[PDB]
Every structure is written in C-alpha cells, then in structure tokens.
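Here you get one chain, nothing else, as structure tokens; it is the form deposited in one PDB entry.
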C-alpha cells in the first residue's frame, strides 16, 4: 500500500480541488501529450494539453484519467467506460468514445504506456 500513498501525496489534494469526485490516484505517467483524431477530415491534430497523466478512480469506482495541463488551466478529465475502447497502437494509447470521438496519448516514458495500458484493463476488470 506504501506506493499508493506515495503517489497520492500532494497530487490527490490537488486533483480533488478541481474534481472533488475523484477518490484516488491509481497510477501516474509524466509528460503526456494529447492528440485528437478529426473524423471526417481523417487527420490527427496535436492539442495544447500536455502534462502529468493521473489514472484515477472516482467515489463510484469508475476509472478515468486527468492530464494536469502545463499550458493552461484547462485540464483533460475523461472516463474509461469500456476497457476495449483503449488500444495500444504503435507508440500511442488510443482512446475511443463510442461516437468516433478518438483521442491519442503519447507518454514520454514507453514503460509508463504499457504499464498504464495494463492497469486500465485490470482497474476495469469485473
């Protein structure tokens, strides 16, 4: 349990100031850049959101993530509703939301990507 308290130290209080519904941080990845797939244009666009990625669970045990944006106060907080909508494709984590609304995550450390992929799947395991 020590490693969980270590990652929640400071960070959880920070995330709860913005999103008090967040119950705990599950994992962290440094320097994650966010991309958005423009369906209809069939092109990826690099967004302005870049920062620490926190995999979190809410007060109802729903899994999601926050990217605490270094570039503006506008962060990104999404839920991962179905584990099969998260795919590890090449060097990226691809997150699909049902209506062809797709985001791409690039994590600075390749080991965080594959660990976070697994932790997403197991945090959603029923």
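Only the largest set of C-alpha atoms that superpose within 1.5 Å between the two forms is called the rigid core. Only residues modelled in both forms are compared. Positions refer to the first chain, counted from 1.
FYI, the form deposited in another entry isn't displayed, but the following is about it.
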> Against the rigid core, is the Cα displacement of residue 100 between the shown form and the other one at least 2 Å?
Replying inline: yes
> After the core is matched up, is the C-alpha of residue 9 off by 2 Å or more between the shown form and the other one?
Replying inline: yes
> Between residue 48 and residue 99, do the C-alpha atoms lie closer or farther in that other deposited form than in the shown form, with a difference of 3 angstroms or more?
Replying inline: closer
> in that other deposited form, do the Cα atoms of residue 100 and residue 58 sit closer or farther apart than here, given a shift of 3 Å or more?
Replying inline: closer
>> Using a 2 Å C-alpha criterion and requiring 3 or more consecutive residues, which regions move between the shown form and the other one after core superposition?
In response: 1-9, 97-100
